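*Asks:* Chains as they are written, first to last, in the entry's author numbering: chain C, 1 to 158; chain H, 1 to 158; chain G, 3 to 158; chain D, 1 to 158; chain E, 1 to 158; chain A, 1 to 159.
Shown below is the structure under consideration.
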Ligand SMILES: [Fe+3]
Ligand SMILES: [Fe+3]
Ligand SMILES: [Fe+3]
Ligand SMILES: [Fe+3]
Ligand SMILES: [Fe+3]
């Protein structure tokens, strides 16, 4: 009932929000001549959008009415000063994406909505991989950023 | 300078705003079982987003700062009652996209910004084709929907 | 005489090319893109016939002088695809009549090469009139129900 | 805009007019047994026609009403006595084609019609190549025609 | 236009001057064992000369008389001591190449010379890419050069 | 030592000078509608620049300091008025390219610079080929131009 439809709508918005945040990260990367890191964020921006579209398609099939919400402007990009700040906001965004999916999953569970739970399972497994991957990149960036110039090698060896 | 940089920014928002409205058209069609029309709207939705990414890429290369704005909630979907209403809204959306590109070209012309005018040319020719295509679909849809059920065998066919 | 009719056959073919072009424009402006592509194809083909007549005339020492190709005027009167296909039928019947007058003059002159040259065009006019006749019948039938004709432009 | 639409129509007429002039040049060549020159004129005839069709197609898309005019009879073919006279009328025809496009571009520039200007760009560049190719052919014809019979080998070697 | 002709000639000189400057940069790189950077300057040297040849070809077709000027001895090589200095001079070279294209386009616009402006459009867009790329290399160079030896390890690589 | 380093730099400048002279010839040919001859001159312009690049690369490897000089504006185009004039200036350019190579070789030989001499050998042989080729085209051009229009036939035909 109500809470479930609402959370499924919010999930769509969270996916497109995340897509815009990834695009703001590619912009900061490009503007500061980190083309490899910018290419990476641009691909994640397309992927998040694809996840949003996948939820909209399932909702349409399941008669969960979707209504598209505004997609908020990304906010972190005004205060980024180094690749480490960007990859840190990106880790947080993925932690927020994981929480969003777990909130939706908990509502489906309370409702015994077994179809919604089955649908969510590959996304739960994807978030595990995604958080791991971004955590790992952030570790490399924070270690390499200890020697002036050395991080430019991570980007170049794309 | 000021005017041009801000209108270029705003163009990115218009492209993503059109993407979202196409997406809302695609949902209304899917919810009302016009899968053929929904797939067309969904393809234009991706394409509008690629235009916005092409504007972002150019602005990065030309050091035009991009600040990504909220993408507004689509609103015409509350009023849509038939395919005709949707296509008519999609026609007004493309006419606004075209006006928005002409405004930007007018500012570039004023600033003598030859690079920006060159970048915009293929978009002006593409809006010519888009408005014609949408006008034509709308004419078809409005003719066919004069007989009950007949429009439903166009979605299924084309 | 014969030489005059041959010259005028060239003008008839290029006139018909232009009328088919005017029909293609009416269809496109009115969002019948499948009928417009068919008219446009016929427009190229009528000009090809005109060029076939020119080439033969040159080979045969028949002096070709190119005349004005008149502005199509039926376009001003067309309101539905039926009107356009009706004008195209009439254009083809005209095309047929001008070939037959030409063949008639060649026959009176015992001009066996001209007559042999015309033979494939006489047979092609029979096919063309039948095909237009048949499209016009289909158009007239489908247009009895609102929107239905549209559904068959698109299935083209 | 009166002006723009009238000049757009005239541009269509000029393309079909040039197509008929090339056809008259092909006929004079063939009648005087210059088959290689005749083939070249015939190719240019079909091409000028294709240009006219491209203008019609764009006009239709952009809702510029086209009303086909009479295609006037070629007149130069009564006074040509040699290949030189033909290639000279054909140079003049291409100079007139260029001037007509330039008229149309001026009108479009005055209206700020960026779509029309963009559409004409490849034609402006094609006219540059056309005038130079015709001009060079004419120079070769004029030089070789100084020796009786020698021009008849330009033709054979084409 | 005297102005338009003089500026078209100066564009040709500027392309071949930039070609020599890039060649001077390759020589400086090779003498100091930066073989990768040297290969890059040599590739640009060739491509600058190709641009010059493209302007010459258009001029000849458009009957703009080209008179070839002295190509000046490159002088910055006297002051370069590190790769950063070379890349900085190359950025300024490309900003001057953009500025000379812009002076040309300005005079073409003034004369309403639509074919010249069509001709320059791809070059405007290429100058955007070129200034962005060199800026981006120069950022990478200035950053890596902060640690002794680090720059070397990335000429060897990229 | 010094003369050898100077002459090696002069040889680079000479290659680029010849490249620009061939380019001026291609321009005069195109402006005068000899597109065959123009394409030939243009291909020679690029090849002369490749020779110049060849000398630069060798000089860098061998620690011969190269200072790039101005490439002077081509001068003969101002007075050319038939393809014969152009081809004769090109013959003279190639004869001058040959002499500068022989001077350079001479200097290399006095210095016992065996590596420089080795490097120059394929260019000496190339020049023999080039003078013969330009001299042969010039003979054909001068013969055919005795009949009005005839030379035009062999721009179109040959090249
Ligand atoms: Fe993700
Ligand atoms: Fe669109
Ligand atoms: Fe027919
Ligand atoms: Fe033409
Ligand atoms: Fe460059």
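Even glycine gets a Cβ: it sits at the ideal position worked out from N, Cα and C.
Can you confirm whether the stretch 93-106 of chain G touches the stretch 115-133 of chain G when touching is taken to mean that 3 or more C-beta pairs between the two stretches lie within less than 8 Å?
*Replies:* They touch, by the three-pair rule.
*Asks:* Taking only three categories from DSSP, how would you classify residue 71/H?
*Replies:* If DSSP states are grouped into helix, strand and coil, residue 71/H belongs with the strands.
*Asks:* Between residue 20/D and residue 42/D, what straight-line distance do the alpha-carbon atoms span, to the nearest angstrom?
*Replies:* Computed Cα separation, rounded: 10 Å.
*Asks:* Under 9 Å, Cβ to Cβ, is there at least one residue of chain D near residue 102/A?
*Replies:* It does not; no Cβ of chain D falls within 9 Å.
*Asks:* Please go through the same chain and pick out, in chain order, the residues whose beta-carbon is closer than 7 Å to the beta-carbon of residue 92/A, but skip the five residues on each side of it.
*Replies:* Counting only Cβ-Cβ distances below 7 Å, and skipping sequence neighbours, we find nothing.
*Asks:* Taking buried to mean at least 16 other C-beta atoms within 10 Å of its own C-beta, is residue 139/A buried or exposed?
*Replies:* Exposed is the call here.
*Asks:* Assuming contact is defined by CB atoms lying nearer than 9 Å, are residue 23/A and residue 72/A in contact in what I supplied?
*Replies:* No, the Cβ-Cβ distance between residue 23/A and residue 72/A is not below 9 Å.
*Asks:* Residues of chain D with a CB under 8 Å from the CB of residue 72/G: which are they?
*Replies:* By Cβ distance, chain D contributes 70.
*Asks:* If the cut-off is 8 Å on Cβ atoms, which residues from the stretch 131-149 of chain D count as contacting chain A, listed in chain order?
*Replies:* So the close ones are 135, 136, 139, 140, 143, 144, 145, 146 and 147.
*Asks:* Taking just the CA atoms, how far does residue 6/C sit from residue 68/D?
*Replies:* Going by the C-alpha atoms only, they are around 59 Å apart.
*Asks:* Cβ of residue 51/E within 8 Å of any heavy atom in ligand 5?
*Replies:* Yes, the Cβ of residue 51/E comes within 8 Å of a heavy atom of ligand 5.
*Asks:* Beta carbon of residue 79/D: closer than 8 Å to some heavy atom of ligand 3?
*Replies:* Checking the Cβ of residue 79/D against ligand 3 gives no.
*Asks:* For the stretch 19-37 of chain A, list every residue whose C-beta sits within 7 Å of some C-beta in chain E, in sequence order.
*Replies:* Listed in sequence order: 20, 23, 24, 27, 30 and 31.
*Asks:* Answer yes or no: the CB of residue 92/D versus the heavy atoms of ligand 4, is any distance below 8 Å?
*Replies:* No - ligand 4 has no heavy atom lying nearer than 8 Å to the Cβ of residue 92/D.
*Asks:* For residue 100/A, does the three-state DSSP call read helix, strand or coil?
*Replies:* Here residue 100/A sits in helix by DSSP.
*Asks:* So which residues on chain G does residue 157/H lean against when the C-beta distance must stay under 9 Å?
*Replies:* Residues of chain G passing the Cβ test: 153, 156 and 157.
*Asks:* Can we say the stretch 144-152 of chain D touches the stretch 44-60 of chain E, given the rule of at least three CB pairs closer than 8 Å?
*Replies:* Flag = no, the stretch 144-152 of chain D and the stretch 44-60 of chain E do not touch.
*Asks:* Using C-beta distances below 6 Å, list every residue in its chain close to residue 123/E, excluding the 5 sequence neighbours before and after it, in chain order.
*Replies:* Cβ within range, chain order: 101.
*Asks:* Can you find a C-beta in chain D that's less than 9 Å from the C-beta of residue 120/H?
*Replies:* Closer than 9 Å to some Cβ of chain D, the Cβ of residue 120/H qualifies, so yes.
*Asks:* Select from 133/D, 65/D and 111/D the residue whose C-alpha is nearest the C-alpha of residue 95/D.
*Replies:* Ranking 133/D, 65/D and 111/D by Cα distance to residue 95/D puts 133/D first.
*Asks:* Got a sec: is the Cβ-Cβ distance from residue 67/G to anything in chain D below 9 Å?
*Replies:* With 9 Å as the cut-off, residue 67/G counts as an interface residue toward chain D.
*Asks:* Got a sec: is the Cβ-Cβ distance from residue 8/H to anything in chain C below 9 Å?
*Replies:* Chain C, which has no Cβ nearer than 9 Å to the Cβ of residue 8/H, makes this no.
*Asks:* From this set, 98/G, 79/G and 78/G, which residue's C-alpha is nearest residue 130/G's C-alpha?
*Replies:* Of the candidates 98/G, 79/G and 78/G, the one whose C-alpha sits nearest the C-alpha of residue 130/G is 98/G.
*Asks:* Using DSSP with H/G/I as helix, E/B as strand and the rest coil, what is residue 122/D?
*Replies:* Helix at residue 122/D.
*Asks:* Does the beta-carbon of residue 97/D, which I'm using as the reference point, lie nearer than 8 Å to any heavy atom of ligand 7?
*Replies:* Ligands present in the displayed structure are limited to ligand 1, ligand 2, ligand 3, ligand 4 and ligand 5, and ligand 7 is not among them.
*Asks:* Return the chain-ordered ranges of every alpha helix (DSSP H) run that is complete within the stretch 21-101 of chain C and spans a minimum of 4 residues.
*Replies:* Entirely contained in the stretch 21-101 of chain C, the alpha helix (DSSP H) runs reaching 4 residues are, in chain order, 35-61.
*Asks:* Leaving out five residues before and five after residue 17/H in sequence, what residues of the same chain have Cβ atoms less than 7 Å from its Cβ?
*Replies:* Excluding positions up to five away in sequence, the list reads 71 and 72.
*Asks:* Any heavy atom of ligand 1 closer than 8 Å to the beta-carbon of residue 39/C?
*Replies:* Residue 39/C: no, Cβ never under 8 Å from ligand 1.
*Asks:* How big is the Cα-Cα spacing for residue 63/C and residue 31/H?
*Replies:* The straight-line gap from Cα to Cα measures roughly 8 Å.
*Asks:* Using a beta-carbon distance below 9 Å, is residue 107/H in contact with chain D?
*Replies:* For residue 107/H, the answer is no, since every Cβ of chain D falls outside 9 Å of its Cβ.
*Asks:* Is residue 65/D buried or exposed, if buried means 16 or more other CB atoms sit within 10 Å of its CB?
*Replies:* By the 10 Å Cβ count, residue 65/D comes out exposed.
*Asks:* Could you check the C-alpha separation between residue 127/D and residue 58/E for me, to the nearest Å?
*Replies:* Residue 127/D and residue 58/E: Cα-Cα distance of roughly 12 Å.
*Asks:* Report the rounded CA-to-CA distance for residue 80/G versus residue 137/H, giving the unit in angstroms.
*Replies:* Computed Cα separation, rounded: 22 Å.
*Asks:* Excluding five sequence neighbours on each side, which residues of the same chain lie with their C-beta closer than 8 Å to the C-beta of residue 56/D?
*Replies:* The answer, listed in chain order, is 12 and 66.
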